[PDB]
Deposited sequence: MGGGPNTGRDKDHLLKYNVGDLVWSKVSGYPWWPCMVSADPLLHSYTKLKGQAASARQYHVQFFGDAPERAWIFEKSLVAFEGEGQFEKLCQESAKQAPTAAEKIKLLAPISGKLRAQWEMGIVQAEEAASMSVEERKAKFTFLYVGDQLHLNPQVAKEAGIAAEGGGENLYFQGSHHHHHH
């Protein structure tokens, strides 16, 4: 039923990290955004930009920050060991929490923008660099 496209907003669950706001985008070298068990190429929102391929089973549509609590809770049932379960919590403090909060601010802005608007603003530029307007607003 679900098939993501470039510009779609998703929470991504990665080993060693809590659910993080992302945007589906095209891989700069392969030129694809999906491949086959299905994978999608995503950008991680925040001030320290990263990209990666994620499996669909580890993506959930992004609506807003309010979803995080239920994602943390529901994922606990499928993370039986302590090191996995502890990573579901929002980062305690420091630089990782500030990155996650900035990620959420950016994703919430993207969510009230159109697909093309969020793509023009938030897509990374490749030579991987942030769009200068995004970098200035983040600091």
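By the record, the deposited chain contains unmodelled runs at 1 to 13, 50 to 55, 147 to 149, 162 to 182, with no C-alpha atoms placed there.
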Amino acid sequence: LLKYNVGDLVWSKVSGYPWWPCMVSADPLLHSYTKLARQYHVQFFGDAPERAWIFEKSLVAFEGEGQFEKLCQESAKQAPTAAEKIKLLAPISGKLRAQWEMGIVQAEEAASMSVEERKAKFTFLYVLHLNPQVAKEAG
From here on, numbers count along this sequence of modelled residues.
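Averaged over Cα atoms, the B-factor as recorded in the entry is higher for 128 to 136 than for the other of 128 to 136 and 1 to 9.
Looking at 92 to 100 and 109 to 117 together, the entry lists the larger mean B-factor for 92 to 100, computed on C-alpha atoms. In the deposited entry, the Cα temperature factor of residue 51 sits in the bottom third of values across the chain's modelled residues. Ranked by Cα temperature factor within the chain, residue 36 sits in the highest third according to the deposited record. The PDB entry assigns residue 43 a C-alpha temperature factor belonging to the lowest third of its chain's modelled residues. Residue-level temperature factors show residue 79 in the highest third of its chain, judged at the C-alpha atom. In the PDB entry, residue 30 places in the highest third of its chain by CA B-factor.
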